[PDB]
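Asks: Dropping in start_31.cif, which is mmCIF, C-alpha atoms; chains and numbers go by the auth columns:
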data_structure
#
loop_
_atom_site.group_PDB
_atom_site.id
_atom_site.type_symbol
_atom_site.label_atom_id
_atom_site.label_comp_id
_atom_site.label_asym_id
_atom_site.label_seq_id
_atom_site.Cartn_x
_atom_site.Cartn_y
_atom_site.Cartn_z
_atom_site.B_iso_or_equiv
_atom_site.auth_seq_id
_atom_site.auth_asym_id
ATOM 1 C CA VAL A 1 49.338 194.448 133.821 0.00 1 A
ATOM 2 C CA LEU A 2 52.452 192.709 132.489 0.00 2 A
ATOM 3 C CA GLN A 3 51.411 189.614 134.437 0.00 3 A
ATOM 4 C CA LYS A 4 48.003 189.692 132.736 0.00 4 A
ATOM 5 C CA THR A 5 49.411 189.950 129.224 0.00 5 A
ATOM 6 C CA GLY A 6 51.821 187.139 130.087 0.00 6 A
ATOM 7 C CA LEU A 7 48.885 184.929 130.998 0.00 7 A
ATOM 8 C CA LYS A 8 47.125 185.763 127.733 0.00 8 A
ATOM 9 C CA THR A 9 50.304 184.800 125.879 0.00 9 A
ATOM 10 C CA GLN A 10 50.249 181.479 127.758 0.00 10 A
ATOM 11 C CA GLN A 11 46.627 180.920 126.730 0.00 11 A
ATOM 12 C CA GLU A 12 47.410 181.571 123.070 0.00 12 A
ATOM 13 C CA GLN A 13 50.349 179.160 123.317 0.00 13 A
ATOM 14 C CA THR A 14 48.050 176.480 124.731 0.00 14 A
ATOM 15 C CA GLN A 15 45.685 177.091 121.820 0.00 15 A
ATOM 16 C CA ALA A 16 48.616 176.649 119.439 0.00 16 A
ATOM 17 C CA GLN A 17 49.615 173.311 120.987 0.00 17 A
ATOM 18 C CA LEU A 18 46.043 172.063 120.789 0.00 18 A
ATOM 19 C CA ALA A 19 45.735 173.055 117.132 0.00 19 A
ATOM 20 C CA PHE A 20 49.017 171.261 116.530 0.00 20 A
ATOM 21 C CA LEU A 21 47.810 168.059 118.150 0.00 21 A
ATOM 22 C CA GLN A 22 44.687 168.216 116.027 0.00 22 A
ATOM 23 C CA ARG A 23 46.260 169.175 112.706 0.00 23 A
ATOM 24 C CA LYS A 24 49.348 166.963 112.760 0.00 24 A
ATOM 25 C CA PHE A 25 49.419 163.872 110.582 0.00 25 A
ATOM 26 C CA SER A 26 49.410 161.001 113.060 0.00 26 A
ATOM 27 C CA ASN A 27 46.405 162.080 115.097 0.00 27 A
ATOM 28 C CA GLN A 28 43.820 160.024 116.928 0.00 28 A
ATOM 29 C CA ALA A 29 41.608 159.482 113.875 0.00 29 A
ATOM 30 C CA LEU A 30 44.520 157.778 112.115 0.00 30 A
ATOM 31 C CA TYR A 31 44.844 155.226 114.888 0.00 31 A
ATOM 32 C CA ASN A 32 41.091 154.688 115.017 0.00 32 A
ATOM 33 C CA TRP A 33 41.105 153.922 111.291 0.00 33 A
ATOM 34 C CA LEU A 34 44.099 151.621 111.667 0.00 34 A
ATOM 35 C CA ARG A 35 42.624 149.715 114.598 0.00 35 A
ATOM 36 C CA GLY A 36 39.361 149.128 112.753 0.00 36 A
ATOM 37 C CA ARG A 37 40.945 148.005 109.485 0.00 37 A
ATOM 38 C CA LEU A 38 43.543 145.846 111.213 0.00 38 A
ATOM 39 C CA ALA A 39 40.915 144.244 113.448 0.00 39 A
ATOM 40 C CA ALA A 40 38.778 143.201 110.478 0.00 40 A
ATOM 41 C CA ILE A 41 41.738 141.813 108.515 0.00 41 A
ATOM 42 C CA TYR A 42 43.011 140.060 111.640 0.00 42 A
ATOM 43 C CA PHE A 43 39.707 138.325 112.310 0.00 43 A
ATOM 44 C CA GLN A 44 39.330 137.049 108.745 0.00 44 A
ATOM 45 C CA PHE A 45 42.922 135.837 108.716 0.00 45 A
ATOM 46 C CA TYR A 46 42.302 134.065 112.030 0.00 46 A
ATOM 47 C CA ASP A 47 39.427 132.161 110.466 0.00 47 A
ATOM 48 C CA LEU A 48 41.564 131.033 107.526 0.00 48 A
ATOM 49 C CA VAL A 49 44.377 129.875 109.812 0.00 49 A
ATOM 50 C CA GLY B 1 33.564 220.662 143.459 0.00 1 B
ATOM 51 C CA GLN B 2 33.307 217.098 144.712 0.00 2 B
ATOM 52 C CA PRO B 3 30.215 215.686 142.961 0.00 3 B
ATOM 53 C CA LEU B 4 27.426 214.375 145.142 0.00 4 B
ATOM 54 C CA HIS B 5 26.732 211.559 142.693 0.00 5 B
ATOM 55 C CA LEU B 6 29.061 208.613 142.616 0.00 6 B
ATOM 56 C CA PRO B 7 30.447 207.642 139.189 0.00 7 B
ATOM 57 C CA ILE B 8 29.111 204.652 137.298 0.00 8 B
ATOM 58 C CA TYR B 9 31.342 201.582 137.027 0.00 9 B
ATOM 59 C CA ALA B 10 32.176 200.022 133.677 0.00 10 B
ATOM 60 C CA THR B 11 31.420 196.421 132.738 0.00 11 B
ATOM 61 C CA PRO B 12 34.464 194.591 131.323 0.00 12 B
ATOM 62 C CA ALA B 13 34.429 193.226 127.797 0.00 13 B
ATOM 63 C CA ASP B 14 33.681 189.628 126.920 0.00 14 B
ATOM 64 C CA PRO B 15 36.694 187.514 125.882 0.00 15 B
ATOM 65 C CA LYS B 16 36.621 185.597 122.626 0.00 16 B
ATOM 66 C CA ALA B 17 36.541 181.789 122.594 0.00 17 B
ATOM 67 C CA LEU B 18 39.176 180.641 120.110 0.00 18 B
ATOM 68 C CA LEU B 19 37.819 177.701 118.157 0.00 19 B
ATOM 69 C CA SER B 20 39.540 175.372 115.714 0.00 20 B
ATOM 70 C CA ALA B 21 37.951 173.484 112.837 0.00 21 B
ATOM 71 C CA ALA B 22 39.149 169.969 112.019 0.00 22 B
ATOM 72 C CA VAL B 23 38.087 168.649 108.614 0.00 23 B
ATOM 73 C CA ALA B 24 39.107 165.607 106.594 0.00 24 B
ATOM 74 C CA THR B 25 39.736 165.089 102.882 0.00 25 B
ATOM 75 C CA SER B 26 38.776 162.332 100.454 0.00 26 B
ATOM 76 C CA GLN B 27 41.492 161.027 98.148 0.00 27 B
ATOM 77 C CA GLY B 28 40.351 158.653 95.431 0.00 28 B
ATOM 78 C CA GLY B 29 41.445 155.032 95.580 0.00 29 B
ATOM 79 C CA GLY B 30 43.706 153.423 93.026 0.00 30 B
ATOM 80 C CA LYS B 31 42.507 150.896 90.481 0.00 31 B
ATOM 81 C CA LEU B 32 44.316 147.762 89.412 0.00 32 B
ATOM 82 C CA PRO B 33 47.094 147.368 86.834 0.00 33 B
ATOM 83 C CA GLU B 34 46.803 145.005 83.910 0.00 34 B
ATOM 84 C CA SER B 35 46.836 141.227 84.235 0.00 35 B
ATOM 85 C CA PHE B 36 50.144 140.014 82.831 0.00 36 B
ATOM 86 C CA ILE B 37 50.450 136.241 82.588 0.00 37 B
ATOM 87 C CA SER B 38 53.697 134.452 83.435 0.00 38 B
ATOM 88 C CA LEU B 39 55.405 131.116 82.881 0.00 39 B
ATOM 89 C CA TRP B 40 55.274 129.868 86.422 0.00 40 B
ATOM 90 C CA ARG B 41 52.749 127.578 88.033 0.00 41 B
ATOM 91 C CA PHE B 42 50.866 128.503 91.154 0.00 42 B
ATOM 92 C CA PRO B 43 53.067 127.634 94.206 0.00 43 B
ATOM 93 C CA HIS B 44 56.296 129.250 92.991 0.00 44 B
ATOM 94 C CA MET B 45 54.569 132.494 92.071 0.00 45 B
ATOM 95 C CA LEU B 46 52.658 132.332 95.358 0.00 46 B
ATOM 96 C CA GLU B 47 55.823 131.987 97.447 0.00 47 B
ATOM 97 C CA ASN B 48 57.479 134.740 95.397 0.00 48 B
ATOM 98 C CA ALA B 49 54.588 137.128 96.037 0.00 49 B
#
Could I get this file's structure written as structure tokens?
Replies:
Amino acid sequence: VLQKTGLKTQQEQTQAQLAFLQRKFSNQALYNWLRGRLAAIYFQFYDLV
Amino acid sequence: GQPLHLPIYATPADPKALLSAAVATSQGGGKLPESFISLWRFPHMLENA
């Protein structure tokens, strides 16, 4: 029984890490936005050069 | 006193599926400050900027 409640504690800890990697500031959506904006600016600047 | 019928067996409960919600916010963009003219011609102010 103590083994079972230990595994449920591990599951809740995994849920906490996943909510942290979603709710932290520099998440994947930040880098998607940066790569899009930087790619557009980079292409236009390439044309001017 | 041993019963002839065999006892019924319970069905275990259903575990909950912990779910997170990830939402985004919309901050308003900044407008421009006022055009203040200077003394300098174009290339010096350009290099400065």
Asks: Using all atoms listed in the file, find the residues of chain A whose closest atom to chain B is at most 8 Å away, then write them as a VMD selection string.
Replies: chain A and resid 15 19 22 to 23
Asks: Ranking B:11, B:16, B:49, B:4 by minimum distance to residue A:8 and counting only C-alpha atoms, which one comes first?
Replies: B:16
Asks: Which distance in Å separates atom CA of residue A:13 and atom CA of residue B:13, to one decimal?
Replies: 21.7 Å
Asks: So the first atom is atom CA of residue A:26 and the second is atom CA of residue A:11; what is the distance between them in Å, to one decimal place?
Replies: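 Between atom CA of residue A:26 and atom CA of residue A:11 the gap works out to 24.3 Å.
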Asks: Take atom CA of residue B:25 and atom CA of residue A:37 and report the distance between them in Å, one decimal.
Replies: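 Going from atom CA of residue B:25 over to atom CA of residue A:37 covers 18.4 Å.
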Asks: Please, what is the axis-aligned box for every listed atom of stretch 15-32 of chain B with 5 Å on each side, as centre and edge lengths in Å to one decimal, as lines of an AutoDock Vina configuration file?
Replies:
center_x = 40.4
center_y = 167.6
center_z = 107.6
size_x = 17.8
size_y = 49.8
size_z = 46.5
Asks: May I have a table of the residues of stretch 7-36 of chain A lying at most 12 Å from stretch 42-49 of chain A, giving each one's closest pair of atoms and their distance in Å to one decimal, counting only C-alpha atoms, ordered by chain and ascending residue number, as JSON lines?
Replies:
{"residue": "A:34", "atom": "CA", "partner": "A:42", "partner_atom": "CA", "distance": 11.6}
{"residue": "A:35", "atom": "CA", "partner": "A:42", "partner_atom": "CA", "distance": 10.1}
{"residue": "A:36", "atom": "CA", "partner": "A:42", "partner_atom": "CA", "distance": 9.8}
